[PDB]
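Undergrad: fold the following and give me the result.
(one chain, ligands or ions: 1)
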Amino acid sequence: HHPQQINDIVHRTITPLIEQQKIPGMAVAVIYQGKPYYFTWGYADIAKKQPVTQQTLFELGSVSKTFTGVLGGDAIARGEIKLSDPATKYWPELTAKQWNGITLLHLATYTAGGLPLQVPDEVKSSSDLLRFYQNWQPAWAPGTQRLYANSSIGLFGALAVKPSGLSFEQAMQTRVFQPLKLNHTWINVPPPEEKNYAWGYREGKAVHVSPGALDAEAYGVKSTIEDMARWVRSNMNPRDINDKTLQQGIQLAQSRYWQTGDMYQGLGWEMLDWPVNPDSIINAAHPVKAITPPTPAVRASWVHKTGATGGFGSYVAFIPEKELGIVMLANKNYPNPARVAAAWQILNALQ
Ligand SMILES: *P(=O)(O)OC[C@H]1O[C@@H](n2cnc3c(N)ncnc32)[C@H](O)[C@@H]1O
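TA: Numbering: from 1, shown residues only. Right below this line is the structure:
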């Protein structure tokens, strides 16, 4: 059952969005008074006329970084890592002098001094990855500039799980996915779930994301609209979580570590004070101001993350103090401002 208020606002906003953006398939969850309401449109596979369902898997792209941030928070809560730890503590083979003074905090929050947006495609092995980072030259001193980048938080994720004894995949499954009952969320889609894996569409072609080094950490997660609704609810209400270090980790990922303009950098998540200027949630390196100690999570925030792959576009946003949130998953990568304006209209209407 849907409250009519929710059906009305979703139809008024998402139907025109799909009409304008030519999105083949889409799933939306609205979290309202903490409870989820689901909507699906169109096709997961156009050539077979296979409909989007609540079990359809979508590529999350950089929304994956929120899982990584929370897993990192959980490691912090366990005392397995500190954000002030040097990167070299967890990877002593990283001997180049430019790595002196670079911390896990820098890696997690894109402030190491200009690590590249992309890990080079030909990097395959551990020795390849080492050689990549060993020859990187910073454009800036650490902790001065934010350059949003996969190679930064991707390495954070890989290093953060070293004290656990587990692989990144094993740590994520056991410490985050399983406690939160995300049973249809995958770093690697298993064979019996391939029937539910949507195709993305780019320039008229059915596509899936390409494998790359540190993809699991930076952009590789696939999930359903139901699990993503569960993810939003968990990040809005950590107090309801039995796993103590996960509860803490979720809170730590919404701590405010850096400020640029009216945006605050968390771990994976990005935050702004609510109410927001829409200009700010719609919008190169930017200077950052450190926040020390980091501000504990502010419930009166717009918390959000966008993600894209070649064939998919994702958006998650929520306002903890209002128990209000939205997940938008689509198998076309369409412009961020269209996504965000629609989300902003919907969440404003449900206050
Ligand atoms: P977020 O969705 O902001 O970014 C992650 C997406 O960026 C693309 N990406 C990461 N790494 C590469 C490489 N090496 N080459 C081409 N594209 C890359 C993917 O679309 C990620 O999903």
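Undergrad: in the stretch 1-150 of the chain, what residue is nearest the ligand?
TA: Nearest residue of the stretch 1-150 of the chain to the ligand (Cβ to the nearest ligand atom) works out as residue 62 at 2.5 Å. For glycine as for every other residue, the C-beta is placed from the backbone atoms N, C-alpha and C.
Undergrad: and that residue, which of the three is it?
TA: Classification of residue 62 by DSSP: H, G, I helix; E, B strand; the rest coil places it in helix.
Undergrad: swap in the one 10 residues further on?
TA: Secondary structure assignment for residue 72 (three-state DSSP): helix.
Undergrad: same question for residue 307.
TA: Following three-state DSSP, residue 307 is assigned to strand.
Undergrad: distance between stretch 203-222 and the chain's centre?
TA: Centroid displacement of stretch 203-222 relative to its chain, using Cα atoms, centre = their mean, to the nearest Å, is 14 Å.
Undergrad: give the buried residues for it.
TA: Using 16 or more other Cβ atoms under 10 Å as the test for burial, stretch 203-222 gives 207-209, 212-222.
Undergrad: setting aside sequence neighbours, what's the nearest residue to the residue of the stretch 1-150 of the chain closest to the ligand?
TA: Using Cβ to Cβ, 6 or more residues apart in numbering and skipping the chain neighbours, the partner closest in space to residue 62 is residue 307 (4.0 Å).
Undergrad: tabulate the buried residues of stretch 203-222 (TSV), appending distance to the ligand.
TA: Below are the buried residues of stretch 203-222 laid out as TSV (distance: Cβ to the nearest ligand atom, whole Å):
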residue	distance to the ligand
207	10
208	11
209	6
212	5
213	8
214	9
215	7
216	12
217	11
218	6
219	3
220	8
221	10
222	11
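Undergrad: now for these, which pair is the farthest apart?
TA: Pairwise distances across the buried residues of stretch 203-222 (Cβ to Cβ) peak at 21.4 Å, for the pair 207 and 217.
Undergrad: circling back to that earlier point, count the neighbours of the residue of the stretch 1-150 of the chain closest to the ligand for me.
TA: 20 (other Cβ atoms under 10 Å).
Undergrad: offset the numbering so it begins at 58, please.
TA: Shifting the count to begin at 58 puts that one at residue 119.
Undergrad: who are the contact partners of it?
TA: Residues in contact with residue 119 (Cβ atoms under 8 Å, 6 or more residues apart in numbering) are 207, 275-276, 362-365, 371.
Undergrad: need the max-distance pair from the residues you listed.
TA: It's 207 and 371 that sit farthest apart of the contacts of residue 119, by Cβ to Cβ, at 15.3 Å.
Undergrad: just the CA atoms of stretch 85-101, as CSV, please.
TA: Listed next in CSV are the C-alpha coordinates belonging to stretch 85-101 (Å, rounded to 0.1, in the frame of the first residue of the first chain):
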residue,chain,number,x,y,z
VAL,A,85,12.7,4.3,-7.4
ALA,A,86,12.3,3.9,-3.7
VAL,A,87,10.9,6.6,-1.5
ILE,A,88,11.6,6.3,2.2
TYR,A,89,8.8,8.1,4.1
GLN,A,90,8.5,8.2,7.9
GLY,A,91,11.3,5.6,7.7
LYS,A,92,9.3,3.1,5.6
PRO,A,93,10.0,2.2,1.9
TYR,A,94,7.7,2.6,-1.1
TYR,A,95,8.8,1.2,-4.4
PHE,A,96,8.2,2.1,-8.1
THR,A,97,9.4,0.5,-11.3
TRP,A,98,9.2,1.5,-15.0
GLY,A,99,10.2,0.1,-18.3
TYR,A,100,12.7,-2.6,-19.3
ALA,A,101,15.9,-4.1,-17.8
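Undergrad: contact partners for the closest residue to residue 374 other than its chain neighbours?
TA: Excluding the flanking residues, the one nearest residue 374 by Cβ to Cβ, 6+ apart is residue 361, at 3.9 Å. Residue 361 sits next to 326-328, 338, 372-375, 397, 400 when contact means Cβ under 8 Å, 6+ apart.
Undergrad: appreciated, that's everything.
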